[PDB]
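Structure incoming, see below.
The chains carry the letters A, B, C, D, E, F, G, H and I, assigned in the order they are written, with residues numbered from 1 in each.
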């Protein structure tokens, strides 16, 4: 008839009575501590946009954080911890480089997220404090994905992760439709990032990088962002 | 209350005489959703109750090799590890011996894979149960695995969340299954899956994957509206 | 703190490793080694802590281990640690003298063992090597130097400094009575006895309860030269002659 | 390739390590203690520098000066290290003892075999020739003045450098 | 690599050392040459002891009772007998009892087997341990036979012919060392009679 | 609770031990950055004197490449390793790429080394932060910040270690294109931002001046004192 | 205060800067079998007390006084297992030194190397220090030598010392007794008498052991010799 | 380089392997297992890579305490003449390199 | 074909890839190894300069490039350069360290018109 201080939540190996590894879900809270990253896969490509949360007008907005390229068609949008993002960007990038140096083919988006969940899921001695968002248009066609602390991946059509993961995924739930164009995805990602962001969306406080079947993964410029976020 | 001291390692016993962190892994099955698995003399069916519509596509049923696949109820890192291991076992059986791998044997390989962790420090029990449905020379198979390193042979089973409802259905119609068709056996599996569901909810070709192997049939994962034709015939929750 | 004070990997709310600060405390409780960089050389005056009547000396120096021709060090702290650290100082110097055929410039050698001791904090399961060492040096770059190193790896360069017991006290006495640019090894050896005699209360620095080593340069060769019993007897009796002359003056 | 071989004689608390010049043969180690490394110049240089590393450390540790015999032991050790793929040299550790100042001369082959002689030795590729000449010129008890002549003569008979190692102050006689 | 380095034989010159070989050989040039025993060596057994013959000496030390002749390379005969000496001193120090000739033999054989007779130690290993007068024929390649008598090196054939002609199963000490001396005399250079009881 | 291991999260979602290495940064000595018109400057305070201490052996502005230099402001020995190893990796790049090495490149290395020390609790993250300025192949002025957590970040004006916010807030105002145009003005700016940091001027300041053409070349305390008196004459004018 | 956290772990320093597992391994030494090292003119004596004084014991088995090379031996107070493995090592390093420098290892050199084993075993975590201290004596360069290596691995030359039990009492008696010029005929008696101070029973060839260095080198005294020294004192 | 290069490189590997084979075949699976668990435990106790370490526990468990080889007495690694960076050496042992 | 003319301070040399402000290296032999090794060692002396605050003396750099060429030859069985280090030291004066195919050294007055002097390097 006495209260006990039992801890299953200090150890990532230790199961609760219910069977919960809390440290993985505490690293999900660390994804939520990071910055919102909205990707929208379409019929005509997949877009990734993401907030930079630039704080000062002394820090350089010209520099590119929060979004990366991995080959021609695939990159991902990082959200949670940039230090932890880096080591999984490197996996993706080197193993798809190796795919092009083995088969002379660029590795499918599902297979790049397989490779990344081999470098993850390996606790690095802690549940990876980053969620990436792998948006490529491979051999098969457009594809968005989502990675999490647990290390695994899962396939997406419209996903928002990070600061307002569910704040901005409920906007995607209303906004995204199957027959989205890549133009639509671009503008919708951005305008929902705008209504999430406590700051006002200009091209300096956002990274967008988008791929189509035709036009391979590039990083949306100051001017391209400016144009879309003038309209939206 | 006293179990306190002895519950927080997998490589310590209690005065009571039981490792509680293996029992907690066997509670972590239930944190994942209700997979059903039931077989006949021709086919071995699986079904999976998939917990957004845009996000989290949730691939519960997984294909291992031509003759074999699984459905997943619990920790998904572990689900992946275990499935990928089985793919390698069967690859190697068809690389060296140029045959399928027995389902019994492959579930035994998973058994010993999942015992190492529990009898090792710096390790935890794979926190997931599988429903491992292949077809051999033998005939069709279902093989429940538990998050604990022990495992079962089954002709029907459900594991996951509020999954006793399904288990009960699968006992009531256990006999039917042995002598069912592909699609008959499937509707039986789906009615177990629907017994698990609230009465306000339904299958509605939405929270239905179906993972069927059989005699000439290979393990094929019907999803989205490839499950519609099976659910055409199923009728009357009553 | 009661936490953050265990593994030497575990920071505090403040950002403090108390383990490494307790290795500094272990220097606190060691032989006073007082170094005074001079013009003519650079000396390494000391408290010869262990002076029991049955205790034997079959060595060249007590706390003062020499490194190559051109450098020597002292020891204040954990004795076993220091033994392996002073063997390592010789071996570092000799590897540079094997590759570049030069007697290691002084900063390099100090820094090398500081990297060793900085690993022995960084990596938890190791103990912070609880020694400070005062490196009298000559090199072709920076004439004569005095140095210190710490258990942390935190190292410095000095005109006069101390390690061990009444060390901050001794550095205060140096800051009173040191005159950078005027200080010949003569007047530095005078200051060295003075400051030892002033900081610790050992009869009248008993000559077997102090030791000096003078790293000088003679005919373009570096001369690491222990002061004889006779010669620190001369320095201390002359210090006491001046004390008595000044007692008559006052 | 200018291999060469280098003599050294036993004297009156003096030795005359006499070594050909036409690469560096003479390498000081202790007070009155040198080595005559002759053979391939590159392996000579390498193994002399490695020896000096090992030596300096021994010296720092012990407190004493290395005995020619202990130096010869390290030489053999560093050559036998390369039993398979040898250093192409034949050292001779020809000095007075730092304590006794007892004349002591001993050639090695390229995989060690240290071998000590109580008249003189020669070590290297040409060693045969001036060994013969030295024997013809050799005398028992060699004051360092006339010692010089015997050992230059023989070397040159087969412009060499005769380091006449001495109790009091080492002489050198480049020719 | 950033791996701590370890001790033993280093195999780094090897291929570059073989480039020296190739060049010098081709042009007609000399590289320093391996120094050898080239000794007649000998051994015998008699009633209650061993004698080891050699010519100038090849007879080296192992233990108070154990001695070991050297034919082959001089470097390597001396090296192996000195290292095996130290090994049997360590063995004896702990055991509490002077070390055995079976111990000497096993160790020598096994060491010379590891290094596959790229080291030239063709030794006649003679001691009188607790279990009595033992003689062996240690070879560079880590082979051996336990023989009443054996000769190796420079006129071994002539020496062995004398031995086998003028041997008796159980000798006296003086006739045993007489045999090893006249065997050395046949192969040849001072006779080197290391007698053991 | 979760501040007794480097490699644990919290319900609020934090590595507190990594933030305690950033509290060890915060207990620094004010290091200040500017990234001006074909100029970069790193003013950093000397903090303490100790009458009889050589200053050569204890300096806060270390140079990494021909066209990279930094100003560290946390722990000293930790930073010594980071800086030694930044030069190791600089040389690796330089040799292999055949490039005068990017600033960004080695800020990313310093970051990733600290990330390599963030991912064990049998190690500790270097509790130091560096303002790695400089130029590129072509000559673009740079300023960055690296963290114990092990992220790199790009900057124009910076202010870290002791009184970090104070001096960053000075630059929020006094960093402008008409205080940047010339190299005089950027030297003046860091000095005048350190005339917020620390009481003394031209006294406890140690100021690096790398240009598009030139390298770190530490200034004299007479040179800095001239510019302290120039901004004092500007204060006399205002 | 209790400050017990610091006194379990050997890798920690204490608030004041103490290494306390070292001190508790020196407490294992200071509950040891009384030994006395007296470096005399004509060699050293290592006269010690045997941890057996029994009717049931094989004299030929166990030795407190072990040689390392001819000219060196040593004696111990604290731990027998630990002692025995440390002297297996000592013998190795003497023979390694004689295969490298072909010089019978100096007493100082050997002492350094066996005290560098001691150094490692206080340094690292997940081991304990050795709970034994070593009076490593021996004869070199026409000179007697005695040292005293520790659990920590700190070693110091001695003219006269004692370790184990009533061992500060040992060194007190021995400060009053030992003369610089005292030669080894008289130092064996002095070491027997320093044991008498730190003894419990009646002293005999059984209940003590003695072993000495010399010009010649190191040995152990035969039961006969030990009882003859006890009869002469 | 030489045949013996690799025969000596993996000497200890391809001996204790043979010991475990013998014990498997005679005593049982348990006998290698037990020896292995002792060895690995006592060679989780040495200095950081960059200092030369005296591993008395592992040596005496092998029976090397009373046995010297050329391994010991050639190419003295304790006076190593080529050492790296302390931190980078430790990283290599950890497997961060 | 490398040229070595060491003077009072006047180390005129010709082929040619410089180490420091006031050091040249000449490298010929196995077209590739030549300039590879010159660049390699010219960046190793640069590392030493950037770290220590002072670059390698001609003497130190020559000792260093011999230890680096020695281990090159051991590893790669050609790894062939023939080398001068036409140097000048601030502490000493001029240098000209000729070096063989198997990594020897010889300060060799007889071993562009790059004068290697206190003032620097003067093609």
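By definition in this document, a residue touches a chain if its C-beta (ideal position, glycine included) is under 8 Å from a C-beta of that chain, and two chains touch if they have at least 3 such contacts.
Chain-to-protein mapping (UniProt): A = Proteasome subunit alpha type-5; B = Proteasome subunit alpha type-1; C = Proteasome subunit alpha type-4; D = Proteasome subunit beta type-3; E = Proteasome subunit beta type-7; F = Proteasome subunit alpha type-7; G = Proteasome subunit alpha type-2.
Visitor: Could you tell me which chains make contact with chain A and chain D both?
Guide: Both-contact set = empty.
Visitor: Which chains end up together, and which apart, when chain A is taken out?
Guide: In the absence of chain A, as far as touching goes, the chains form B | C, D, E, F, G, H, I.
Visitor: Counting only C-alpha atoms to place each centre, which chain is farthest from chain B?
Guide: D
Visitor: If you tally the C-beta contacts for C-F and for D-E, which one comes out higher?
Guide: Top pair by contacting C-beta pairs is C-F.
Visitor: Comparing chain centres built from Cα atoms against the global Cα centre, which chain wins on proximity?
Guide: So the chain nearest the centre of the shown protein is H.
Visitor: Using the average of all C-alpha atoms in each chain as its centre, how far is it in Å between chain E and chain G?
Guide: From the centre of chain E to the centre of chain G is 40 Å.
Visitor: Please report how many Å separate the Cα centroid of chain F from that of chain I, as a whole number.
Guide: 36
Visitor: Take the average of all CA coordinates in chain E, do the same for chain I, and state the distance between these two points in whole angstrom.
Guide: 50
Visitor: Where in chain C do residues touch two or more other chains at once?
Guide: Chain C, residues with two or more chain partners: 8, 59, 84, 87, 91, 94-95, 98, 101, 107, 115, 118, 122-123, 125-126.
Visitor: Please output the residue numbers of chain G that touch at least 2 other chains, ranges allowed.
Guide: 88, 91-92, 95, 99-100, 112, 116, 123-124, 126
Visitor: Could you tell me which residues belong to chain F and also touch two or more other chains?
Guide: 81, 84, 88, 120-121, 123
Visitor: Strictly by the criterion at the top, what is the full list of touching chain pairs?
Guide: Final set of chain pairs in contact is A-B, A-F, C-D, C-F, C-G, C-H, C-I, D-E, D-G, D-H, D-I, E-G, E-H, E-I, F-H, F-I, G-H.
Visitor: For a test of understanding, state which residues of chain G touch chain C in their complex under the given definition.
Guide: Touching chain C from chain G are residues 5, 9-19, 39, 108, 112, 115-116, 118-119, 122-126, 145-146, 150, 152-161, 171, 174-175, 178.
Visitor: Could you please specify the touching residues of chain A with respect to chain B in the complex?
Guide: Residues 2, 4, 6-8, 11, 13-21, 117, 121, 146, 150-152, 154-159, 169, 172-173, 176.
Visitor: In their shared complex, at which residues does chain F touch chain A?
Guide: Within the complex, chain F contacts chain A at residues 1-2, 5, 7-15, 35, 108, 111-112, 114-115, 118-121, 143, 149-151, 153-158, 168, 171-172, 175.
Visitor: Under the stated contact criterion, what part of chain H meets chain C in this complex?
Guide: Residues 48, 50-51, 79-83, 85-87, 90.
Visitor: For the complex, give me every residue of chain C touching chain I.
Guide: Going by the criterion above, the answer is residues 99-102, 105, 107-108, 140-141.
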